[PDB]
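Colleague: Chains as they are written, first to last, in the deposited numbering: chain H, 6 to 15, 19 to 198; chain I, 6 to 16, 18 to 198; chain P, 6 to 15, 18 to 198; chain Q, 6 to 15, 18 to 198; chain R, 6 to 15, 18 to 198; chain J, 6 to 15, 18 to 198; chain S, 6 to 15, 18 to 198; chain O, 6 to 15, 18 to 198; chain K, 6 to 198; chain M, 6 to 12, 20 to 198.
Sharing a structure below in C-alpha cells format, with a few things to ask.
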Amino acid sequence: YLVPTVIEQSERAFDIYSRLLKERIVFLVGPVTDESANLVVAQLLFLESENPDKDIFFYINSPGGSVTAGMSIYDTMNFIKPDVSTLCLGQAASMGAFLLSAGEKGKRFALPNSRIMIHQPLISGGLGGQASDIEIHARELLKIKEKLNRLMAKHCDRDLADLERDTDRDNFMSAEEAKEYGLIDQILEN
Amino acid sequence: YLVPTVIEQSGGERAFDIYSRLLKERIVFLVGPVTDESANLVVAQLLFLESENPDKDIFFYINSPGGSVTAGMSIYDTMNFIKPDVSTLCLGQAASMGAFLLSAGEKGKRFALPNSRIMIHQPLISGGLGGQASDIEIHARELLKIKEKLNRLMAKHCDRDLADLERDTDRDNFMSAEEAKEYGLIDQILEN
Amino acid sequence: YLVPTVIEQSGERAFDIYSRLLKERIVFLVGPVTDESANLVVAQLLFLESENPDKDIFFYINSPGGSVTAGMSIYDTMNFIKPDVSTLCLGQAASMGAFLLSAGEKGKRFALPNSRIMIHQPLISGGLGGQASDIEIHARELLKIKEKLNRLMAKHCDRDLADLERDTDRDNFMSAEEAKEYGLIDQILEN
Amino acid sequence: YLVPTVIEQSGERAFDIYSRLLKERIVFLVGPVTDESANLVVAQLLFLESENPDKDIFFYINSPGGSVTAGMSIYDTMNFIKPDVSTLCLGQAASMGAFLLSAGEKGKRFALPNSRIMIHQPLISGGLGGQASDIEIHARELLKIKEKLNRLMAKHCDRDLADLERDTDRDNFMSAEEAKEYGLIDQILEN
Amino acid sequence: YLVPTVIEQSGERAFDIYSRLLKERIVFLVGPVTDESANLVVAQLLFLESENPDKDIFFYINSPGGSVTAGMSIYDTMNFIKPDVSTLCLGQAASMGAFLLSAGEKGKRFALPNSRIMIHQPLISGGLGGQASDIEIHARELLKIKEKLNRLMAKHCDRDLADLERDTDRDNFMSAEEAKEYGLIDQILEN
Amino acid sequence: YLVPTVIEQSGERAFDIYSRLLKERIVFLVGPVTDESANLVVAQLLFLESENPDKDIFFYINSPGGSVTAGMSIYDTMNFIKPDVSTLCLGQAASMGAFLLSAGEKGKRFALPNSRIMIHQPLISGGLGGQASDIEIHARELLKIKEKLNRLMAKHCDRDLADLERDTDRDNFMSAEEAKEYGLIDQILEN
Amino acid sequence: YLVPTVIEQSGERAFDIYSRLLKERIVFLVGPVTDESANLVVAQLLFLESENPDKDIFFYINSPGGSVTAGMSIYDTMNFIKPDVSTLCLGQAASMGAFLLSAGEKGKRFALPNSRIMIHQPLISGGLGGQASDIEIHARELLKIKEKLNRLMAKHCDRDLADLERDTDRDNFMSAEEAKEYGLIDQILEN
Amino acid sequence: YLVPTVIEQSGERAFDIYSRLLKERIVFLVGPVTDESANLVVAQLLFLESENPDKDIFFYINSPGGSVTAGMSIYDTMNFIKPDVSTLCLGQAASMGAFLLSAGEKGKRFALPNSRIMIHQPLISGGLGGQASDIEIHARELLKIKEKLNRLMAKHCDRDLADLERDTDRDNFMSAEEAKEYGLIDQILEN
Amino acid sequence: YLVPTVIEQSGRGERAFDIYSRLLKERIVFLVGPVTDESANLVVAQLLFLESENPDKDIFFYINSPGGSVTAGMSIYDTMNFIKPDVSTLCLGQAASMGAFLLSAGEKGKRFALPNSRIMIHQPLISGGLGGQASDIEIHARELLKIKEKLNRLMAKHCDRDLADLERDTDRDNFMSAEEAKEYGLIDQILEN
Amino acid sequence: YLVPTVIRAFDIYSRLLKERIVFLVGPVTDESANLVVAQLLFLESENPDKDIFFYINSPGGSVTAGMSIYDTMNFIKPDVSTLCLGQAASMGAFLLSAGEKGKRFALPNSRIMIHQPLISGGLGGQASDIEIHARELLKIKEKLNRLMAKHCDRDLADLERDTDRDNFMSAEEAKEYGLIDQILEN
C-alpha cells in the first residue's frame, strides 16, 4: 500500500502514521507478530520518553496473534508511566481483545459497531515429537490458558470461573456486551 | 505501479505523490478490496483531515468490490464519529461493503457517477466455519447477527424498512446509479 | 495389500480371506466410513439376511469415523434386517464407528480389552460456504444431525439426552470398561 | 475396495456381492452421478427388463447428486422400461439423487428412517466462460434445465410448480418423514 | 467402477454387463470421444457386422463430444458396414456426439424425452502455435473441417448448408422435440 | 523497470519521465485496466483539471482492455471534468481501451498510423458460479453491461445501436483507417 | 477402458474384441507411435506371418504420429514379412501414421471417405542440448532422417524427391481424395 | 511386486507364496502397522484358530511400528484366540512391532541373531490442533496410551513399570541378546 | 541490478544521475530485452521528451532486444516516424524480430550495427492465443496474416526491396551478420571505431 | 545485498566507477551487459585517453550480451584493461582475452575456462527450424574461436581443439596460452 504523506506546520513531511504517532496514537493493525508487537513496544517506549504524563492512545484492529508477542505489548503497557488508552476499531479478537481489556481502567473504548471476541488460546506452537514432549507443550499451553483467563478476569472485575466458562469457545460480543462484560469502559459515538 | 509526482505552488514548492496531493484537498480514496490495512489508511486519513479542519467536508471516493466487514466497520464508525461531513462518491463500482460505505455518507452528499455500478447483498463468510458443530453454531450465529446489523444500518441509510433490505440483499442486487438513487443508497448523480 | 487366499473344505472352494469370513457371517468395517465402504457393509448385511434371517451377524468395527449419511445407511440396514447384528470393537470405534458399535443388538455389543471408543458431536457434514442464507441452512442441518445423533446415542446407552449432550461436546475417549459403564457396549471379551 | 465374493446355490456359481444382488434385481447408485456410473445403472435397468419385464426392479440410492444429463439417462430409462422401478433412499438422496428417488414408481418410493433427502435448483451444468453471447446461451440453457427439473419434481410430488420453485431455491434438507409429507417418497421402512 | 457380471442362459456363460449387451448388438459411446473410445466403437461395429450383416446395430450415445478425427472413424464405420446403425441419445449428445447421433440410419435416429442435444462449430482440433505460416495452415484446416461438418450435418438433417452455418455458430442446445423438428433425430421414445 | 529521471528548467526540478509528461498534461494508460491503474488515471485527470480547467488533457492509450468498472471510472471522469480529454491510440486500444479511445472529445480522438483498434462484447465481468439463481443474476448484469457498452459506443461513433451489436459480436480488429471510417477516431497522425 | 469380450463359435472361445479381430488378421495402430505400441504391432505382424504367410494382413491406422524409430520398426516389419500388409486410414494418419499408411502394399492402401491424412518433415527426434558439437551431431542426424523419410515417401507415392521436400516443409493436410491423387493411398472405401 | 506362485501337492493347488505359508500357519506383519495391514493379521489369526484351535500360530514380524489402535487389534486377537501365537523378529521389530513381538506366548517369542528391536514411548496418536481444551483432551489420551503400553510391556517382560518408563523415554535400540536379557524375547534362533 | 550513479559537472555544482538518465541527457535511448507495453512506453516517453528538449538534434536509439510484442513495437515505430528529430538506430548484441524491425526503422543513412552484432528477421508468431470457436480462430488467423503482411511491407520499404523478397526471407528465422544486414538493407553502416 | 556508502555520498560501486573501474560480476545477461556498455560509454566521455579497468568475475552468459560488451570495448577510444577475479569462464574468458593487448591481467588463484558455446537458444520446431538454429550456432562457434585465436595469437586450429570441451586453466596456463598478459601479485 502507498502510505500518504502529510505536512505538519511548525514544515515537516510525515507519512500519515508517523504524523499520528506525533499525536501519541499507536496502531495495532492485523495479526500480532514478533515484528508488529515490537513496533508497538518501540512506540510505547518512545512516547513515554517524549512525555511520561500524557496519555497514549492505542488503536486496535486485530484478529489476534501470538501470545508471547501480545505479552510484550501487555507488559510494556503496564510498565510505562503514561496511561495507555485503548480503542477497538473494527475488531479486537483473541490477544487483540486481551490488549483492549488491558488498557487503563476507565479509558478502554470501542466504536459502536466494533466486534470483540474472547476465547481460550489455540496452539502456541506445534505438539509433535514424543509423548514426553507433547506432555510438556500441553502443560505450557494450560499454564498460558490459566494466565490469560486470570489476567482477563482481573481486567473485567469478574471471577476466574466466569472467564473460564466464557472463553471456552469463541465468545463474540458487541460493544455494548463488552462494556457490560467489563472488557471496555465506554462506547464512543461522537 | 508508479505513482506520479506533482508540484504544489505555495508561499516555494512542495513535491507530492498525486495521492498525497489529493489528500491535501481532503480527498480520500478507497480503491480495491477492503482489508485491515486499506481500511486503517482510510481511518488514518479521516482522523488526520478532521484535525486539519473539523468543519470542511471530506470527500471519500469509493471504487471497491467489497471486503472485510470488520475492516469496513472501522471506516464506517470513523465516518460517523468525526465532526466533518464525509461525502461519498461511487467511481466504477461500490459493491458489498463498498456499497455500505457509499450509503454511509452524509445524507444529501452521497454521489455516484452516471455509469457506476452499485451492488448490495448479504454477507458471505466472515471467516471459516470449521471445527466442531458447537463452533459452527457459534460462527453461524455471529454471521446472522452481522447480516441483521448490516441490513438494519442499510435500511437506516436508505430510509427503507428492514423487510425491504432483507428481500433485496438476499442475492446480489446490482443497481445503476439511477436505481441506487431511487433505492436510497445515493442522493445525486453527477454529470458535469 | 495382498489379501491371502484360503481353501474351504466341503470338493474345495478357494476364497480370499474376507469372503471366507463373510461365509461365517463376519462383516468388517475397517477404516473411514465412506459411501463405498458403507455400501459394501449394507450389501453384506442384506446378503447375510437372505442366507439365514435367523442367525446372528457379526459386525467387526475398526474405524476412526467417517460420513454420517454413509454410517446411517449401515445403521438403518442393521435395524431393518431380521437377524441380530452383533458388534465388536477392534482397535478403535470413534465417531460414527462408536455410533455403529452402540447400534448393535442390545446384549451383543462387544469390545476387546484394549480397544478405544470415542464419542463426539459431528464436525462438518459438508462445507459452509456461499451466502449467509446458505450458511444458515447448513448450520441448521448440522444442528439437526447433532441432535439426532445424540438422541439415538442416548437411546442406545439407556441414558438421558442431556448426558450425551454433555459428553459428546468434545472428544470423549473411553476404555472398554468405561464404554461398558457408559452403555456403549455390553460385554468385554477376553478369551 | 475389495468386493467380497459370495456363492449362489443352484452346482455353484461365484459372484461378487454386487453381481449377486443384481441377480435379485437390485441396482445400486452410490456416490456421484457421472456418465460412467449412470450408464452402468442404465445397462443394469435394460438387462433386468430383458430378464423379466414384469418383476419390480429395486433401485437403491445413496448419492449426493451429480450430472443432470447423466441423471436424466437413468430417469428416462426408468420411465421407459416396462417393469416398475422401486426406489429406496439409503443414507442420502440429494440433488439428482433426490430427483431419481422421487422418479420411482408412485407407491414404491421408499426411504430408511434416518436417511436425508435434499432438493435444490441445479448449479453449474458447465462453465460460463467465453463471450457474453456464450454466457447468455449457457444461462438460458441452465434456466431451461431448472424449469424442467422443477416441473418434473412437481409432477412426482403431486405439487404445484410454484411450490417446487420456492422450495428448491436453496438447499432444502428433509427427513424421511418430511419427504413423505412433501411427496418425494411414499413410505418409510422400519422392519 | 465395478462392472457387474451377468449370466446368459444357453450351459451358462458369464459376461460383464457390457459384453452381454454387445451380444444384443448394443454399442455404447459414453463420455468423451477419444482415439481409444472411438476405436472400441469401430471394433464393435466391425465385429457385429461379421456376426450378422443384416440385423440392426443399436448405438447408444451419451457423450459431450470429443475429437473430430476420432468421431469420423466411428462415422465412416457406421456408413461403411452393411447393417443399419440405429442411434439413441441418452442424457446428452453434444458436438461430435450430436453428429454421430444424426449420422444414424434415417428413420432410426432416436432420443429419450429428457435428453439434451447440442450442435456447434468445432473448437481447436489442435493448437495453433509456431509461426504465422503454421497458424495459417491450421486455421485453414479447421475451416475445412468446419465446412465438412456443417455439410454432413445439413445432409443428415435435410436442411440447407446455410441453415447449419447459422445454427452451429454458437452452442445450440435443443430438446428432443427441437432436435426432431430440426432433423437430427426421427423419433422420441417414451415406452 | 528503471524510469529515467529528467531535469526541468525553470532553478531546476528533477522528475521521473512520467511526472515530467504529466506536467505537460499527458496521462498514460498502459497495459490492462485495473482498479489501481484506472484510479491513477482518475487522480491525474482530477489533478489536471484543477491545474487548468481550460487546457486540453492528452490521454495516451496503449491497452489490451481490462475491467469494465475500472474503465468506467476513467470514462465518467473524462466526461465530468471541464477540460477536453483528447485520446491517442499508441500500439493498441482493445476492449475497454478502444472504448476509452472512442470516449475522447469528438474531433480530438487520434490514432497512430500502425495502431490496432479492437472492439468486442464484454467477457466475464466476474465468475458465474453458485446456484442457477445466482447465475441468472450475473448473466442479466452482464447483458445490461453489454447493452450499455454498445449504446455508449454507438453514441461515440454516430452509428446505430444495431451496427455496434453486429460488429462487437466477435473480436473486430480495425486499422487506424478503418477505425476512422467506423467513427472510433477522428484523425490519424503522421507528423 | 473396458474392452468388450466376444465369443467365437468353433466349442466356444472367449476373446477380448481386439484379440478376436487379430484372429481375422486385423492389426490396430491407435494413438501415438511409441516403442511399446510399435512393438505390439511388430509382434502381431510376426505372429500373423507364422499363422499364414500368404493371406493379407489388414493394418488399421488411427494415429497422430509418434517416434520415427518406433515407426521404422513397424515399417521394416511390414516390408520384411511375406504376406501383403494392407493399410486403412481411420480418422487420421498423420506424420509417421501417414508414412506407415503409404507404406502399405501398393494397390492395397485405403482410406475412409472423411479421414484426414497429414504429411510433414520430422520434428525433434530428441533434444538438442549439450555443447555445439553435440548439437551439430543431432542436427545432422535429424537431417539424415528427414531425407530418408522424404525419399521413402517419394518411393511410396511414385513422386520425385523434390515434390516431397516441398510438400512436407510444413504440415500438409489432405483429404482422402487428395491423398489418393498424391499417391499416399490407392482407393477410398465407401461400402 | 510380483508375488511368486507355488504348487502344493495333495491333485495340485496353486498358491501365491503367502497363501501357501498361511497354510502352514505363518502370518506376516511386514512394514507399517495400519488399519488394513492389522485387519489382515486379525483375519488370518481368526481363520487359523478355526482351522485348528490347538496348533501354534507363527507370527513373523518385520515392522518399524505404526498405529497403536491398529496394533491393539492384533494384540487383543493374539490374546483372545485359543492357539498360542509364537512371534519371530525378522530384520526389525520397532515401536508397536516390538510390542507385538513381546506380546507373543511366553516361551515362544523369538528373534533372529542380527535383528534389531526398538522400544519407545508413543508419538502422536493423532494431531493436537484446535482449542486448548481439545489439546488437553488429546494430551490426556496420549498419556493414558503411554501408561497402558508401558504397563503391558512391563507385564510381557516381567519387569517393573518404573523400568519400562525409564527405558522407553527415548528410542531404545536392542540387539537380539539385549532384548532376550530385557525380557522382550525368550530365545534367539540360529539353525 | 544496481544502476551506478554518475555526477554531471555544471556551474559550481553537481547533479547526480543514474547512468541511464545521464545517457538520456545525451539523447541516448536504450531498448534492452523484450519489447513489452511497459518497456515500449518508456521508449515512447523518452522519444517524446527528447523531441521537446531539441526537435532538431538526432536521437540515438540503442537496440539490444530479442523481439517482443508487435503492438508494443509499433508504438515505438510510430513515435520514431512522427517526431521531428531523426532517430538513429544502433544494434548492440542483437536486434531480432521487432528489434530488427525497429533497427531498420531508423532514419535512412543513420542505421548502424556493431561488427559482431546479430540481426534476425522473421514472420511474427502468435500475437495472442487462438482458442475459442472456429469463428474466433478464423478472426485471429486473419488478424495475424494482416500483421504479417504489414510487417513485411514496412520491412520491404525500409530495405528498398520488393515485398516478395521479404516474404521469402522472413518465412523462417533469417539470421544475418552486420555485413549481411547492410547488404540486405536493414542497416546503412557498420561501426568499428 | 546492502551496498555500502562511502564518502557527496556514493555507493561503493559508483565510487569505483569514478576511478574508471567497471565490474562484470555473475552471469552475462542483456541487463548486466548493457550496464557495462553504459559505463564504458560514460567513461570514454569523461576521459577518452585514460585506461578503463574492467574487472571480470563471471561464469559466462549470453553470447549476444557479451558481444555488446565486446564491440563497445573495441570501439571506444580508451584502452580497456581486463582483470580476472575469481573466474572468467565462457564469455567471461572471451571478454578477458578481449582486453587491450598487454593489459590483460589475472589474479594468481583465478580460474579461466574456455569452451565452445552451448545452446544460444532452444532448437525446437520443425527440422527446417532446427537446421537453421544449428547453422547459426556453428557460425557463432566459428566466430568465437576465430576471435579467440586472434586475441591469443594462436591458430584457429588450436582454439578449435582446445575449446571442444571445458578447458580449465590456471593464471599461468592462461598467460602461456595467450588469454592474459600478466599475473598480478602485489
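Idealized CB from N, CA, C, for every residue including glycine.
From H/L36 to H/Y6, what does the alpha carbon distance come to, in whole angstroms?
Modeller: Going from the Cα of H/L36 to the Cα of H/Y6 covers about 16 angstroms.
Colleague: If contacts are defined as beta-carbon pairs under 8 angstroms, then S/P129 and S/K153 qualify, I think. What distance do you get, rounded to the angstrom?
Modeller: 6 angstroms
Colleague: Using 8 angstroms as the threshold, is the segment 74-82 of chain K in touch with the segment 37-54 of chain K, meaning 3 or more CB pairs across them?
Modeller: yes
Colleague: Okay, do the segment 78-92 of chain P and the segment 51-64 of chain O touch, 3+ Cβ pairs below 8 angstroms being the bar?
Modeller: Fewer than three Cβ pairs drawn from the segment 78-92 of chain P and the segment 51-64 of chain O lie within less than 8 angstroms of each other, which leaves the two stretches out of contact.
Colleague: Quick one: list the residues of chain Q neighbouring R/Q99, beta-carbon separation under 7 angstroms, in chain order.
Modeller: Listed by position along chain Q, the residues whose Cβ is nearer than 7 angstroms to that of R/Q99 are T76.
Colleague: Can you tell me whether O/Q99 is buried or exposed, with buried defined as 16 or more other CB within 10 angstroms of its CB?
Modeller: buried
Colleague: Find the residues of chain M that neighbour K/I24, judging by a C-beta separation of less than 7 angstroms, and give them in chain order.
Modeller: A50, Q51, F54
Colleague: Against S/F180, what residues of chain R qualify as contacts under a CB-to-CB distance less than 9 angstroms, listed in chain order?
Modeller: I144, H145, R147, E148, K151
Colleague: Comparing alpha-carbon positions, which option in M/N46, M/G73, M/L47, M/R32 lies nearest M/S57?
Modeller: M/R32
Colleague: Which residues of chain K have a Cβ atom closer than 8 angstroms to the Cβ of R/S140, listed in chain order?
Modeller: Within chain K, the residues near R/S140 are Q128, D176.
Colleague: Which chain P residues sit within Cβ distance under 7 angstroms of O/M85?
Modeller: Within 7 angstroms Cβ-Cβ: nothing; O/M85 doesn't reach chain P, min ~11 angstroms.
Colleague: Please state the DSSP three-state secondary structure of K/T94.
Modeller: strand
Colleague: Should the segment 138-145 of chain S be called in touch with the segment 126-146 of chain M, which here means at least 3 C-beta pairs below 8 angstroms?
Modeller: yes
Colleague: Taking the runs of the beta strand (DSSP E) that are 3 residues or longer, which of them lie wholly in the segment 93-171 of chain H?
Modeller: 116-118, 123-126
Colleague: Expressed to the nearest angstrom, what Euclidean distance is found between the alpha-carbon atoms of residue 14 of chain M and J/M160?
Modeller: Placed between 12 and 20 in the numbering, residue 14 of chain M has no coordinates, as chain M goes from one to the other without interruption by modelled residues.
Colleague: If I'm right that K/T94 touches K/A110 with Cβ under 8 angstroms, what's the distance once you round it to whole angstroms?
Modeller: 7 angstroms
Colleague: How about M/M103: is its C-beta nearer than 9 angstroms to some C-beta of chain K?
Modeller: Contact with chain K is absent for M/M103, since none of that chain's Cβ atoms lies less than 9 angstroms from the residue's Cβ.
Colleague: Measuring CB to CB, does K/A101 end up less than 9 angstroms from K/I124?
Modeller: Taking 9 angstroms as the Cβ cut-off, K/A101 and K/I124 qualify as a contacting pair.
Colleague: Any idea what DSSP makes of I/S182, helix, strand or coil?
Modeller: coil
Colleague: Helix, strand or coil for M/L36? Go by DSSP, reduced to three states.
Modeller: strand
Colleague: Check this for me: beta carbons of K/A118 and K/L171, under 9 angstroms apart or not?
Modeller: no
Colleague: Residues of chain J with CB under 8 angstroms from I/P90, in chain order?
Modeller: Under the 8 angstroms cutoff, chain J gives no residues; its nearest Cβ is about 20 angstroms from I/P90.
Colleague: For Q/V8, decide whether its Cβ has a neighbour in chain R, counting only Cβ atoms nearer than 9 angstroms.
Modeller: yes
Colleague: Quick one: which chain P residues come within Cβ less than 9 angstroms of O/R20?
Modeller: O/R20 reaches chain P at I12, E19, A21, counting residues in chain order whose Cβ is nearer than 9 angstroms.
Colleague: Comparing the C-beta of I/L47 with each C-beta of chain H, is any distance below 9 angstroms?
Modeller: yes
Colleague: Could you name the residues of the same chain whose beta carbon sits closer than 6 angstroms to that of H/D176, not counting the 5 residues immediately before and after it, in chain order?
Modeller: none
Colleague: Name the chain H residues that come within less than 9 angstroms of O/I33, Cβ to Cβ?
Modeller: Under the 9 angstroms cutoff, chain H gives no residues; its nearest Cβ is about 34 angstroms from O/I33.
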